[PDB]
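Since the structure comes first, as structure tokens, the remarks are kept for the end.
Protein chains: 6
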Amino acid sequence: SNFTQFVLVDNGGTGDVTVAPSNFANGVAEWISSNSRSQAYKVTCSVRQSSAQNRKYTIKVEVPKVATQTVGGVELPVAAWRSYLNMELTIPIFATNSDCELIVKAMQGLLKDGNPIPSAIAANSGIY
Amino acid sequence: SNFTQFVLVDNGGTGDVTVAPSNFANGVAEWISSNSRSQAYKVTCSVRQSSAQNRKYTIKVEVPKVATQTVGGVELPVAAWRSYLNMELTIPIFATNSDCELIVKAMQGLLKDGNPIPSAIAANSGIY
Amino acid sequence: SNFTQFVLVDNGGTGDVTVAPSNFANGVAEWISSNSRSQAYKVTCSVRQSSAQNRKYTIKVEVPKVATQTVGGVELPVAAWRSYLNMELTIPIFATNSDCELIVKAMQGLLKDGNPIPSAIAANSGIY
Amino acid sequence: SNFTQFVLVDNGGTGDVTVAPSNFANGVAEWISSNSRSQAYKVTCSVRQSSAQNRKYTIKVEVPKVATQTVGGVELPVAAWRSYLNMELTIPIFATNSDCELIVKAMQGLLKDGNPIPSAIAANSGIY
Amino acid sequence: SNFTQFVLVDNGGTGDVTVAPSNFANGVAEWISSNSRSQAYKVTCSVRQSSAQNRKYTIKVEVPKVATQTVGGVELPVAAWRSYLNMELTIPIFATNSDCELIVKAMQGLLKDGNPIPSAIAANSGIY
Amino acid sequence: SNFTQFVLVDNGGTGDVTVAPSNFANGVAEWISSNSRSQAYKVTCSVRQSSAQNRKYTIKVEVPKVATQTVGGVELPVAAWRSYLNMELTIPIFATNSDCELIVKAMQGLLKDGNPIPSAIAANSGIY
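Protein chains in written order, with full-length UniProt numbering: chain A, 3 to 130; chain B, 3 to 130; chain C, 3 to 130; chain D, 3 to 130; chain E, 3 to 130; chain F, 3 to 130.
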């Protein structure tokens, strides 16, 4: 199985956010971190044949801003807000395993530390 | 500037795919790899205030399947096909720099080697 | 590359507010402080050939009054209010670099500590 | 009683431009250098409560084109020989003297020598 | 990182005209000489995919009329004192780096000293 | 008679592409390489008093990508594709011959090997 738990956020070996399998209904795999579902991280993924020659992945991630809500003196564990990552990857059925491995490296390279994009995001910025 | 060239695909230090700035029209930054524009990798990125409380990034990547087209004896350098990655990241304006750095780690963790998602893609698979 | 960070508010090395490059989309250079976008200082600058014989620089600075606000029982980093500076400077195309250095000094002298204008502003007073 | 003569352009004691009170009609303070009104350095300043929550300072400065100028001469068109600065400072009625002093520092910093804005202006440039 | 200062007019070390980066608003790189904008040498350059099969470079150059020029002066009409060069290079997406290098050589040859075109221009002539 | 042949592409004495005078009908000087008209390089130039105070040179170069195509079972010498350079140069009638030699050198410097523009073109790249 590849439907297992994994470390979403690596913070050294402590304060690491681990996301564990939760549900696989209708071809949409879901992973959630522990504790209150209200303050949890969430990852979903599905694949479908989008057209005759294409297969398409739909991956989603939610990173919460963990907070406490106090109303009328009753406090609940909530997420003050959340960021929503939505990605779609279209891959022709002609792609071999080698081709797919390259696509994966391209995605890891895009987000690698120090590169333009992850630097812009991490600093509340755009391109300049 | 963060509008510079970077390594999209790291293949050791050789066969590395480098993508260089090409155009920044209308708030959409574009990067393209060298040689025929027809066989080039492409990365674009833009940010906008999607709503009152949210800023939204729209990142896109194209990985080509490099090939030669022969028609009537005239051959042209083409991409046999392409994979299309489309990602959107929504981040509330309340996020500090610390919050954004965490969002970035969550994205790098999702795609890290060995984790469920990059393993499924790299092997032409889904979750099981 | 004059697009660099600078200290907007100099509180003598301690509690200085530095502002850094964060976007150049649409030809508007932007700089924001290291804060959540809801509490950051912001500076923008753009130049345009406003007429056949002029060039116009539009510069804006936003100075926030930061607060923590309880919305829906949850605390959010917020700006109690913001002060806005909007400046436009029109320079004829016939102006030499030394003619331009003259404009910069005039603007620096205008706001020097002790002079009429910065004294009125700092005291919630008018000129008299 | 701040309505007094001051050094507008500091050329280090030799060839400084001093501007002196010249009009107070309607509460608008005016200061001009010792020149013809066509070639004079001119500064005017007024305050008014712009709305129920704001006070606004309107400061205007006129600077002469000095290179190739004929002192005391008739130089036409007037627009080829003069630069106009127009500043508007909106300050909320809650701003204390301290808040106002910080606003004056923000203005002094924006125009300080070596910073982006004054460097661009002096070099007949935009931002790059 | 090719956005750097370069010698536009080579007069053999003495009296060469150097042009330096001065603007990057919107991805259009600009370079100007150290003059007033009315008397400056100016170069701008941008690339865009003009259509589905072509990429296009738009290069513009402004050259000042130097004979009888008054440095730093106001010279009107603007049109009597400036020459404008406008180049458009359309390159099919199939062109490799090698194809592109040959195109650059074709441009270098077209303008080389002693050839018809540069001789005609320099002599205020047409073809005969 | 400046209407002479010249080497358009200099491949160092071997495989040089020389172009020769071939038509002057309608006041458009033309030069084509020694090939079938379907595969020849072509250069045209015309000058016209575009306005009362200008002269405009229109210059075009066509660089073919030669191929042999089988049409109806028969082979024909053909051009797989063509690259087109279109240049217009507007010069005021007040320009001296030395003012004109200045324009020629500027065009030669612009395309010199190693300079930004010919480097971008040869690499299927933009300026960055």
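Heads up, the beta-carbon is just placed ideally off N, CA and C, and yes, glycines get one too.
Residues bridged to residue i (per DSSP)
{"i": "F/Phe8", "result": "F/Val21"}
{"i": "D/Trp33", "result": "D/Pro23 and D/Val45"}
{"i": "F/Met89", "result": "E/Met89 and F/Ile61"}
{"i": "F/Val73", "result": "F/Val76"}
{"i": "D/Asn56", "result": "D/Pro94"}
{"i": "B/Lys67", "result": "B/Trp83"}
{"i": "D/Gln51", "result": "According to DSSP, D/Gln51 bridges with nothing at all."}
Min CB distance residue i to chain D below 8 Å
{"i": "E/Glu32", "result": "yes"}
{"i": "C/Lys107", "result": "yes"}
{"i": "C/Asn37", "result": "no"}
Short CB-CB distance (under 8 Å) between residue i and chain A
{"i": "C/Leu78", "result": "yes"}
{"i": "C/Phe5", "result": "yes"}
Pairwise C-alpha distance: residue j and residue i
{"i": "B/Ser48", "j": "D/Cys47", "result": "42 Å"}
{"i": "D/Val11", "j": "C/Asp115", "result": "15 Å"}
{"i": "A/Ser127", "j": "B/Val45", "result": "17 Å"}
{"i": "E/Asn4", "j": "F/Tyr130", "result": "6 Å"}
{"i": "C/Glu64", "j": "D/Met89", "result": "15 Å"}
{"i": "A/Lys58", "j": "B/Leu104", "result": "27 Å"}
{"i": "A/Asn25", "j": "B/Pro120", "result": "19 Å"}
{"i": "C/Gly15", "j": "D/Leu113", "result": "19 Å"}
{"i": "E/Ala125", "j": "F/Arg50", "result": "15 Å"}
{"i": "A/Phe8", "j": "A/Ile61", "result": "15 Å"}
{"i": "F/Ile123", "j": "E/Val30", "result": "16 Å"}
{"i": "F/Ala27", "j": "B/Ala27", "result": "43 Å"}
{"i": "C/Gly17", "j": "A/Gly17", "result": "30 Å"}
{"i": "B/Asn13", "j": "A/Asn13", "result": "26 Å"}
Chain B contact for residue i (CB, 8 Å cutoff)
{"i": "A/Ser53", "result": "no"}
{"i": "F/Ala69", "result": "yes"}
{"i": "A/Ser121", "result": "yes"}
{"i": "F/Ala124", "result": "no"}
{"i": "E/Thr16", "result": "no"}
{"i": "A/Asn99", "result": "yes"}
C-beta neighbour in chain C for residue i, strict 8 Å
{"i": "A/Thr72", "result": "yes"}
{"i": "D/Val21", "result": "no"}
{"i": "D/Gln41", "result": "no"}
{"i": "D/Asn88", "result": "yes"}
{"i": "D/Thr60", "result": "no"}
{"i": "B/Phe96", "result": "yes"}
{"i": "D/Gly75", "result": "no"}
Nearest neighbour of residue i, chosen from the options [CA to CA]
{"i": "A/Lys67", "options": "C/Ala125, C/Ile93 and C/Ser38", "result": "C/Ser38"}
{"i": "B/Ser53", "options": "B/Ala42, B/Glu77 and B/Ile93", "result": "B/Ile93"}
{"i": "C/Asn56", "options": "C/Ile105, C/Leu113 and C/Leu91", "result": "C/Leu91"}
{"i": "E/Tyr86", "options": "E/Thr6, E/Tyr43, E/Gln7 and E/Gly29", "result": "E/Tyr43"}
{"i": "D/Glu77", "options": "D/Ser40, D/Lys62, D/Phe8 and D/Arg50", "result": "D/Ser40"}
{"i": "A/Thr6", "options": "B/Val9, B/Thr60, B/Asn117 and B/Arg50", "result": "B/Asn117"}
is_contact[residue i, chain F] using C-beta, thresh 8 Å
{"i": "B/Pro66", "result": "no"}
{"i": "E/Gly128", "result": "yes"}
{"i": "B/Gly29", "result": "no"}
{"i": "E/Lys44", "result": "no"}
Minimum Cβ-Cβ distance from residue i to chain E less than 8 Å
{"i": "B/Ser48", "result": "no"}
{"i": "B/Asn56", "result": "no"}
{"i": "D/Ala82", "result": "yes"}
{"i": "B/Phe26", "result": "yes"}
Whether or not the segment 66-82 of chain C and the segment 60-76 of chain A are in contact is what I'm after, with contact meaning three or more pairs of Cβ atoms, one per stretch, closer than 8 Å; do they touch? Yes, the segment 60-76 of chain A is in contact with the segment 66-82 of chain C.
Whether or not the segment 88-97 of chain B and the segment 94-108 of chain D are in contact is what I'm after, with contact meaning three or more pairs of Cβ atoms, one per stretch, closer than 8 Å; do they touch? By the Cβ test, the segment 94-108 of chain D is not in contact with the segment 88-97 of chain B, since fewer than three Cβ pairs between them sit closer than 8 Å.
Just checking, does the segment 27-37 of chain C make contact with the segment 81-92 of chain A on the three C-beta pairs under 8 Å criterion? They do not touch, by the three-pair rule.
Meets three-Cβ-pair contact criterion under 8 Å: the segment 13-28 of chain E and the segment 106-115 of chain D: Inter-segment contact for the segment 13-28 of chain E and the segment 106-115 of chain D is absent: fewer than three beta-carbon pairs are separated by less than 8 Å.
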